[PDB]
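The structure appears right after this line, and notes come after that.
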Amino acid sequence: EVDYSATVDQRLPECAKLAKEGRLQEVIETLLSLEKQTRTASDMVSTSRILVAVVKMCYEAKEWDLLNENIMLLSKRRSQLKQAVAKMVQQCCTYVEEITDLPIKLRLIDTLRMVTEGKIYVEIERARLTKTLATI
Amino acid sequence: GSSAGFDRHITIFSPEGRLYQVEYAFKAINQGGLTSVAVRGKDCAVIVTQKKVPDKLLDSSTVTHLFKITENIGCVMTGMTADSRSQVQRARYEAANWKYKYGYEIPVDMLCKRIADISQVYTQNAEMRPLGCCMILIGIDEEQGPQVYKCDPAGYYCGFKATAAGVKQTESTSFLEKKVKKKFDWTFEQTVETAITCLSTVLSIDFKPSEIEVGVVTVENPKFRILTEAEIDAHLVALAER
Amino acid sequence: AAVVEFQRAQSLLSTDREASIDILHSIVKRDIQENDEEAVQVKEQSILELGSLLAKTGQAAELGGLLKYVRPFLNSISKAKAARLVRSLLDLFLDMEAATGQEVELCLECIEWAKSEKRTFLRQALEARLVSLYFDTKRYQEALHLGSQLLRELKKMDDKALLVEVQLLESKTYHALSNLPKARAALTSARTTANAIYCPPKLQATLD
Amino acid sequence: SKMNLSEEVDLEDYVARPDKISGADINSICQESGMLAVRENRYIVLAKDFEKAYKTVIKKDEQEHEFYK
Amino acid sequence: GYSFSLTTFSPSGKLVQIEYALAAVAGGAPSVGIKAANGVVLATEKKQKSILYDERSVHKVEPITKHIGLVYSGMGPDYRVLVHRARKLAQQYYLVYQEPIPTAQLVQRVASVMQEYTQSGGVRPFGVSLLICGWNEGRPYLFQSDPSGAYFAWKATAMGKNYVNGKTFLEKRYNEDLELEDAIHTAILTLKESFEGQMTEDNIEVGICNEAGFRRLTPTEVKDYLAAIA
Amino acid sequence: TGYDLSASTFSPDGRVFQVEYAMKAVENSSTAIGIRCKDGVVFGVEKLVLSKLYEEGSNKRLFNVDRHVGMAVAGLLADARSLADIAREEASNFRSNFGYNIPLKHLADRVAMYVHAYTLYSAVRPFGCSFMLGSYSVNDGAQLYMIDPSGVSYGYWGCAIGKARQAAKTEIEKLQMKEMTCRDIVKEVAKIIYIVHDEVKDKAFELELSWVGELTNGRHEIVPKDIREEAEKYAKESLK
Amino acid sequence: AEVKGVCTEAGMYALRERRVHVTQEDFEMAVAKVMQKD
């Protein structure tokens with residue numbers, strides 16, 4: 001279509017630096033706007049990178065409240081691409097294994113298992129998170 | 001659908017108790033090909049209808065189904081254009097007569113109740129046909145607040161939180177029914193947006209600020225005003241960006 | 001004024017039930033002026049919400065005593081509101097299976113209020129409930145006498161749905177008195193009356 | 001009962017409607033409810049699918065004017 | 001206007017147009033009226049086809065005087081014409097006699113208006129039946145005005161859709177010793193059999209007449225009465 | 001079928017056929033066009049001569065309903081004349097009550113309601129003529145309203161009533177009327193009427209021209225013969 | 001015919017209980033079904 005591609009290749013590293021500097025609440029709004037342009041454009045690969053990007057920023061910055069709020073929010077966007085949400089959940093369930101803090105891991109599991117409920121494209125993940133939740 | 005005599009040609013009862021002539025007047029609302037939508041918010045009422053100018057030869061400033069019945073009362077007419085103007089002229093006369101005789105501005109509920117009363121006589125006397133038009137009034141009451149009233153060819157009338165009349169009345173009723181079920185006291189911007197959206201979603205047009213006329217009444221300014229193409233563009237831009 | 005306490009009582013619902021109970025009681029014991037259209041609405045609402053809470057706490061003195069305490073109050077609110085108030089409070093006590101021993105007493109007191117206010121339809125439902133209380137308390141002879149009067153009154157007004165329940169209670173009362181011939185006769189009447197109408201699934205199960 | 005419904009689905013909302021519909025209509029409503037779930041790559045029918053399926057299947061024109069009652 | 005009667009006698013000696021007007025009454029929303037010992041209750045099914053309608057905007061139980069009230073079953077617009085005529089007739093009575101119009105007098109005056117449209121030129125009969133309730137001389141009054149112009153004094157009656165079954169329901173549920181509150185209960189029960197869906201405080205309209213006069217019960221009041229049904 | 005014999009009877013599809021039949025009387029008449037240019041309104045009527053026995057000026061389809069409003073008609077000429085006097089008496093009453101020349105928007109709205117009033121009852125028939133009212137003033141500006149037998153009045157930049165209304169509308173669209181003046185448009189109105197005229201069909205027409213604008217000081221008048229003949233030569237030359 | 005239908009329904013009610021002889025209960029329950037229900 002109007003595939004953005006290099007457009008997100010210009011923002012994403014720039015947004016990566018600002019996240020480390022401390023500006024996170026503002027850049028996610030910037031990436032939310034950039035996600036909206038890509039999602040409407042039906043750019044599968046670009047939108048997938050943004051959704052995977054934002055969850056990484058909230059993970060590396062230990063923003064557990066913001067990470068869970070974002071996961072719910074970006075999954076509920078209007079006409080969200082199913083493959084892009086899959087990559088977000090696949091990348092997010094990796095963060096589940098890394099996290100050792102039980103209350104934080106459980107809330108992320110409950111959040112992730114809620115955004116993957118009833119959806120075929122993320123049915124493998126929700127299974128593995130259900131297995132992960134059971135072992136805990 | 002039984003018939004006996006002239007029950008199809010004059011406003012007299014059918015064997016099953018139906019006024020076919022009055023029913024046929026309802027089909028005349030769809031003859032114009034236009035849909036009107038009225039939505040009432042917490043402090044505003046908006047009437048929106050589509051404007052069609054088939055050729056550049058026609059003066060688009062004169063194609064208006066939005067009529068300023070009073071300084072504080074405005075209406076959107078759907079149906080036969082000629083019959084619609086007659087109701088508007090009659091409604092203006094009754095509004096002026098009410099002010100002269102009673103000393104205060106005519107309530108919106110009483111304005112159509114007279115128009116509904118006027119149109120009922122056409123449904124009882126066989127010498128005249130019912131007016132094939134539907135009238136939707138909007139106005140801010142002193143106490144009841146925003147008001148929306150439809151005014152059918154048969155003399156039926158009711159208050160509406162969100163009504164619609166025309167070709168797509170039933171499809172727009174379902175959309176408005178879904179929105180009111182959410183139970184949100186909409187602001188002025190939301191009410192215009194849900195009024196424009198209702199016409200847009202049902203017709204699937206993605207309006208330009210030259211294909212719809214928007215008329216609003218607000219509590220802060222209880223006066224009926226026609227939104228300019230620039231003003232309609234602001235809502236169309238805001239709706240698109242979300 | 002008193003409306004704020006209602007939200008405070010509503011806020012205390014998440015807390016201990018007895019903690020909110022003090023808030024609702026204070027409104028209930030609060031005296032009212034001539035009309036106080038806002039206060040009586042809150043006072044009636046509190047009394048309905050307080051009794052609903054007591055259906056979980058199970059306090060006979062506070063639930064049974066509530067009905068006996070508010071009889072003067074029922075002369076202030078509208079008759080429909082008062083009748084709904086008596087029905088709601090009295091139903092909650094008897095749905096509470098705790099056999100405090102005074103159930104037949106205030107239920108008879110309610111019927112006396114129904115007769116005083118000439119609320120016939122309200123009285124019939126309480127009488128049909130009183131027959132069930134009599135059977136549950138083993139006052140078999142009194143249960144039949146009250147039911148027999150109710151059967152004639154329900155027959156005249158063709159209240160078949162309520163009629164079937166009374167005949168079943170008469171059927172159960174005779175069966176407990178070890179009178180199979182009269183229990184079967186009463187059950188026969190209940191089945192025939194039920195066949196004449198539509199039975200709600202609760203009534204059909206009780207008949208079956 | 002044979003369909004993977006969500007707990008948020010209240011069937012009484014559509015049962016209580018005054019539309020005079022048949023078992024084929026009710027089967028179509030549930031059938032189209034799973035149609036929307038399948039379209040959105042889902043396996044659980046939520047309330048929004050049932051609301052859209054009911055509206056599509058019924059599609060009852062008013063056919064009655066209010067002034068008659 | 002046309003100067004010839006649109007209502008004429010059929011060869012079988014029937015005013016066929018009047019019968020067809022009564023057919024419209026049978027298609028209207030049910031209306032139930034009960035004359036209890038201490039008052040009269042008027043109840044109707046005020047059910048809208050969507051929530052978008054404002055229920056309180058238009059009322060089906062409309063007062064005529066401080067002591068007389070109307071409820072109809074039939075065509076909505078025609079009822080308003082008779083409501084205005086009844087109020088005008090009630091006033092014309094009041095200016096001359098300086099006394100509230102008796103219930104029987106208003107029905108006779110209103111029924112005369114209904115008869116005119118069954119004989120006048122170029123007009124069709126009103127497709128409504130009027131249930132008139134009032135209080136005069138310390139006694140409750142209930143009347144029904146058919147489209148033909150005939151007025152009947154009813155102890156308890158039902159009009160509109162499923163009126164035949166509602167009338168029989170009242171025969172087995174009405175007694176002259178009934179009180180006003182039990183009349184409201186019996187009225188809502190009478191509506192319930194013909195009612196489809198559930199009866200809320202907004203989809204039915206109940207009006208009562210007593211020594212204090214005629215008033216239309218607010219939706220809050222109808223809710224208390226409705227709670228006793230279930 | 002009986003659904004088309006009275007104006008007080010609706011068809012089952014909600015259409016008054018008696019009004020629509022009156023529309024057909026207009027579509028059987030010769031074409032009259034009106035163009036609202038930058039500084040006025042110019043009227044042009046294709047006026048066929050039914051016989052050589054008619055004098056030049058008979059059956060004038062261009063009327064003067066006021067000193068500032070013209071009227072180009074099409075359809076039943078008797079009904080067109082009757083609607084002319086209704087417009088004349090409406091304009092006369094407006095001046096005798098409010099004290100100023102009647103606005104063309106109000107004149108169109110007033111006459112159209114008179115036309116609409118004949119579309120509701122079986123005691124009268126709809127007027128079988130469609131007409132255009134054109135006016136100019138310093139304040140209101142050039143206005144051109146067309147009223148149909150149903151009673152519908154819309155403003156126009158260029159309008160055509162008659163049997164070649166569709167053909168004339170295509171020719172009017174090619175014009176840039178909002179920028180050119182009456183002097184340039186009278187030639188164009190002549191050209192369009194000559195284009196849509198059918199010589200093999202009903203022939204021997206007379207060009208009736210009238211205008212109202214700032215060059216007539218807001219007064220409707222017949223285009224002078226010198227300009228009318230100049231436009232006629234240009235119109236005839238455009239046909240090659 | 002309604003009287004006859006009551007009898008045939010009374011025999012049905014005995015069959016619903018797998019009885020052989022029609023009892024008075026069956027006739028009464030048949031009366032209620034034929035008249036009141038229908």
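Naming scheme: A, B, ... for chains in displayed order of the structure tokens; residues 1 onward per chain; ligands 1 onward as shown.
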
| said: I want to know what sits within 8 Å of region 141-151 of chain F, based on only C-alpha atoms, with residues of the same chain fewer than 6 positions away left out; could you give that as a count of residues only? | reply: 37

Next on the checklist: So that I can see what lies close to region 119-121 of chain A, please list as a ChimeraX atom specification the residues with an atom at most 7 Å from it, counting only C-alpha atoms and leaving out residues fewer than 6 positions away in the same chain.
Outcome noted: /A:82,86 /D:41-43

Selected residues written out with N, CA and C atoms, as an mmCIF file, in the first residue's frame:
```
data_model
loop_
_atom_site.group_PDB
_atom_site.id
_atom_site.type_symbol
_atom_site.label_atom_id
_atom_site.label_comp_id
_atom_site.auth_asym_id
_atom_site.auth_seq_id
_atom_site.Cartn_x
_atom_site.Cartn_y
_atom_site.Cartn_z
ATOM 1 N N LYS A 82 -3.868 -8.489 13.178
ATOM 2 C CA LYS A 82 -3.771 -9.676 14.020
ATOM 3 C C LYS A 82 -2.338 -10.185 14.111
ATOM 4 N N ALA A 86 0.163 -10.484 17.449
ATOM 5 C CA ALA A 86 0.831 -11.756 17.702
ATOM 6 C C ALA A 86 2.299 -11.542 18.043
ATOM 7 N N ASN D 41 -11.113 -13.911 13.311
ATOM 8 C CA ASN D 41 -10.134 -14.920 13.721
ATOM 9 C C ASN D 41 -10.258 -15.248 15.208
ATOM 10 N N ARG D 42 -11.498 -15.381 15.667
ATOM 11 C CA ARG D 42 -11.792 -15.697 17.054
ATOM 12 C C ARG D 42 -12.486 -17.047 17.137
ATOM 13 N N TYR D 43 -12.505 -17.607 18.344
ATOM 14 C CA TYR D 43 -13.199 -18.857 18.614
ATOM 15 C C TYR D 43 -14.224 -18.719 19.732
#
```

Find the residues of chain A in contact range of chain B, meaning any atom within 12 Å when counting only C-alpha atoms, and list them as a PyMOL selection string.
-> chain A and resi 33+36-37+40+77-78

Checklist line | Within 9 Å of residue 145 (chain E) using only C-alpha atoms, minus same-chain residues under 4 positions, as a PyMOL selection string | finding: chain E and resi 107-108+110-111+114+128-132+149-152

Within 10 Å of residue 124 (chain C) using only C-alpha atoms, minus same-chain residues under 4 positions, as a PyMOL selection string
chain C and resi 111+114+119-120+128-130+150-151+153-154+159+162

**Prompt:** Distance CA of residue 106 (chain F)-CA of residue 85 (chain F), one decimal place?
**Reply:**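 Distance between the two atoms: 16.0 Å.
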
Which neighbours of region 101-104 of chain C fall inside 10 Å, counting only C-alpha atoms, when residues of the same chain fewer than 5 positions from it are skipped, and could you give them as a short mmCIF file (atom, residue, chain, number, x, y, z; two decimals) with C-alpha atoms, in the first residue's frame?
```
data_model
loop_
_atom_site.label_atom_id
_atom_site.label_comp_id
_atom_site.auth_asym_id
_atom_site.auth_seq_id
_atom_site.Cartn_x
_atom_site.Cartn_y
_atom_site.Cartn_z
CA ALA C 60 -34.07 -11.80 64.15
CA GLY C 64 -38.36 -8.99 63.17
CA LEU C 90 -41.82 -9.91 55.63
CA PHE C 93 -37.68 -12.80 57.33
CA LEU C 94 -39.44 -15.91 56.06
CA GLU C 109 -49.74 -8.82 62.27
CA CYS C 110 -49.06 -8.11 58.59
CA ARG C 129 -47.46 -17.88 53.10
CA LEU C 130 -48.92 -18.18 56.61
CA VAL C 131 -50.31 -21.61 55.72
CA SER C 132 -46.79 -22.69 54.75
CA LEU C 133 -45.46 -21.32 58.05
CA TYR C 134 -48.13 -23.26 59.93
CA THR C 137 -44.19 -25.22 62.55
#
```

Q.
Only residues of chain G matter here; which ones have an atom within 8 Å of chain C, counting only C-alpha atoms? Give them as a ChimeraX atom specification.
A. /G:25,28-29,32-33,35-37

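Among the candidates F:175, F:161, F:76, F:65, the one nearest to chain B when counting only C-alpha atoms is F:175.
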
| request: Do a neighbour search on region 30-45 of chain B at 8 Å with only C-alpha atoms, toss out local chain neighbours closer than 5 positions, and write the hits as a ChimeraX atom specification. | output: /B:50-51,76-81,136,138-140,145-148,160-169,172,185-188,191-192,194-195,198-199,216-219 /F:14-15

Using only C-alpha atoms, which residues of chain C come within 6 Å of chain E, and what is the closest atom pair for each, with the distance in Å to one decimal? Give it as a tab-separated table, sorted by chain and residue number.
```
residue	atom	partner	partner_atom	distance
C:80	CA	E:224	CA	5.5
C:81	CA	E:224	CA	5.6
C:157	CA	E:173	CA	5.1
```

Might you pull out every residue within 9 Å of residue 1 (chain B), with only C-alpha atoms counted and same-chain residues fewer than 2 positions away left off, and present them as a list in words?
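What passes the distance filter is residues 3, 14, 15, 16 and 18 of chain B.
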
Using C-alpha atoms, can you write the selected residues to a file as a PDB file, in the first residue's frame?
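Once written, part_26.pdb looks like this:
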```
ATOM      1  CA  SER B   3     -60.067  -2.951   0.537  1.00  0.00           C
ATOM      2  CA  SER B  14     -60.164   0.086   5.432  1.00  0.00           C
ATOM      3  CA  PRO B  15     -61.999  -3.072   6.553  1.00  0.00           C
ATOM      4  CA  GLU B  16     -59.102  -3.767   8.937  1.00  0.00           C
ATOM      5  CA  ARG B  18     -56.184   1.297   8.096  1.00  0.00           C
TER       6      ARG B  18
END
```

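Taking CA of residue 71 (chain B) as the reference point, CA of residue 96 (chain F) is found at 26.7 Å.
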
- Mind giving me the straight-line distance from CA of residue 23 (chain D) to CA of residue 47 (chain D) in Å, one decimal?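 About the pair CA of residue 23 (chain D) and CA of residue 47 (chain D): they are 19.7 Å apart.
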
Which of chain G DSSP labels alpha helix (DSSP H), written as a PyMOL selection string: chain G and resi 2-16+24-31

Please identify every residue of chain B that has at least one atom no farther than 9 Å from an atom of chain D, counting only C-alpha atoms, and for each give the shortest atom pair and the distance in Å to one decimal, arranged by chain then increasing number, as a Markdown table.
```
| residue | atom | partner | partner_atom | distance |
| --- | --- | --- | --- | --- |
| B:17 | CA | D:68 | CA | 9.0 |
| B:18 | CA | D:68 | CA | 8.1 |
| B:23 | CA | D:65 | CA | 8.0 |
| B:152 | CA | D:67 | CA | 9.0 |
| B:154 | CA | D:67 | CA | 6.7 |
| B:155 | CA | D:67 | CA | 7.5 |
| B:156 | CA | D:67 | CA | 5.4 |
| B:157 | CA | D:67 | CA | 8.5 |
| B:170 | CA | D:61 | CA | 7.3 |
| B:174 | CA | D:55 | CA | 8.7 |
```

Could the residues of chain E within 7 Å of chain B, counting only C-alpha atoms, be given as a PDB file with N, CA and C atoms, in the first residue's frame, please?
```pdb
ATOM      1  N   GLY E   1     -64.835  21.950   1.180  1.00  0.00           N
ATOM      2  CA  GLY E   1     -64.889  20.573   1.631  1.00  0.00           C
ATOM      3  C   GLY E   1     -66.065  19.810   1.062  1.00  0.00           C
ATOM      4  N   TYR E   2     -66.024  18.485   1.177  1.00  0.00           N
ATOM      5  CA  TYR E   2     -67.122  17.661   0.696  1.00  0.00           C
ATOM      6  C   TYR E   2     -68.332  17.808   1.607  1.00  0.00           C
ATOM      7  N   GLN E  17     -68.579   2.024   7.720  1.00  0.00           N
ATOM      8  CA  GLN E  17     -67.428   2.843   8.077  1.00  0.00           C
ATOM      9  C   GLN E  17     -67.234   2.910   9.586  1.00  0.00           C
ATOM     10  N   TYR E  20     -65.542  -0.236  10.679  1.00  0.00           N
ATOM     11  CA  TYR E  20     -64.124  -0.192  10.345  1.00  0.00           C
ATOM     12  C   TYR E  20     -63.359   0.725  11.289  1.00  0.00           C
ATOM     13  N   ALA E  21     -63.998   1.795  11.766  1.00  0.00           N
ATOM     14  CA  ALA E  21     -63.378   2.632  12.788  1.00  0.00           C
ATOM     15  C   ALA E  21     -63.185   1.860  14.085  1.00  0.00           C
ATOM     16  N   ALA E  23     -62.680  -1.265  14.191  1.00  0.00           N
ATOM     17  CA  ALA E  23     -61.585  -2.192  13.928  1.00  0.00           C
ATOM     18  C   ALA E  23     -60.239  -1.550  14.230  1.00  0.00           C
ATOM     19  N   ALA E  24     -60.131  -0.235  14.029  1.00  0.00           N
ATOM     20  CA  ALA E  24     -58.913   0.475  14.402  1.00  0.00           C
ATOM     21  C   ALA E  24     -58.751   0.532  15.914  1.00  0.00           C
ATOM     22  N   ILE E  51     -35.981   2.887  22.235  1.00  0.00           N
ATOM     23  CA  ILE E  51     -35.699   3.725  23.392  1.00  0.00           C
ATOM     24  C   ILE E  51     -35.559   5.186  23.003  1.00  0.00           C
ATOM     25  N   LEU E  52     -35.308   5.473  21.724  1.00  0.00           N
ATOM     26  CA  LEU E  52     -35.084   6.848  21.293  1.00  0.00           C
ATOM     27  C   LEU E  52     -36.285   7.737  21.580  1.00  0.00           C
ATOM     28  N   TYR E  53     -37.475   7.154  21.677  1.00  0.00           N
ATOM     29  CA  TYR E  53     -38.667   7.924  22.003  1.00  0.00           C
ATOM     30  C   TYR E  53     -38.603   8.413  23.444  1.00  0.00           C
ATOM     31  N   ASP E  54     -39.007   9.661  23.660  1.00  0.00           N
ATOM     32  CA  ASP E  54     -39.127  10.208  25.008  1.00  0.00           C
ATOM     33  C   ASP E  54     -40.496   9.831  25.557  1.00  0.00           C
ATOM     34  N   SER E  57     -42.743  12.606  26.979  1.00  0.00           N
ATOM     35  CA  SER E  57     -43.080  13.714  26.093  1.00  0.00           C
ATOM     36  C   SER E  57     -44.568  13.737  25.770  1.00  0.00           C
ATOM     37  N   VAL E  58     -45.135  12.589  25.410  1.00  0.00           N
ATOM     38  CA  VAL E  58     -46.551  12.476  25.088  1.00  0.00           C
ATOM     39  C   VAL E  58     -47.187  11.482  26.048  1.00  0.00           C
ATOM     40  N   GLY E  76     -53.599   7.542  17.824  1.00  0.00           N
ATOM     41  CA  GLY E  76     -53.034   8.565  18.672  1.00  0.00           C
ATOM     42  C   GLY E  76     -53.443   9.979  18.312  1.00  0.00           C
ATOM     43  N   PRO E  77     -53.252  10.378  17.049  1.00  0.00           N
ATOM     44  CA  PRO E  77     -53.634  11.745  16.658  1.00  0.00           C
ATOM     45  C   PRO E  77     -55.104  12.061  16.862  1.00  0.00           C
ATOM     46  N   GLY E 122     -67.887  14.669   4.320  1.00  0.00           N
ATOM     47  CA  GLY E 122     -66.488  14.630   3.951  1.00  0.00           C
ATOM     48  C   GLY E 122     -65.525  14.300   5.061  1.00  0.00           C
ATOM     49  N   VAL E 123     -65.994  13.693   6.150  1.00  0.00           N
ATOM     50  CA  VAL E 123     -65.132  13.323   7.260  1.00  0.00           C
ATOM     51  C   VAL E 123     -65.396  11.874   7.639  1.00  0.00           C
ATOM     52  N   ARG E 124     -64.352  11.222   8.147  1.00  0.00           N
ATOM     53  CA  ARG E 124     -64.390   9.857   8.635  1.00  0.00           C
ATOM     54  C   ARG E 124     -64.511   9.838  10.155  1.00  0.00           C
TER      55      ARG E 124
END
```

| said: I need the chain B residues near chain F as a list in words; criterion: at most 7 Å, counting only C-alpha atoms. | reply: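 The selection requested is residues 9, 10, 21, 24, 25, 27, 28, 57, 58, 59, 62, 63, 81, 82, 86, 127, 128 and 129 of chain B.
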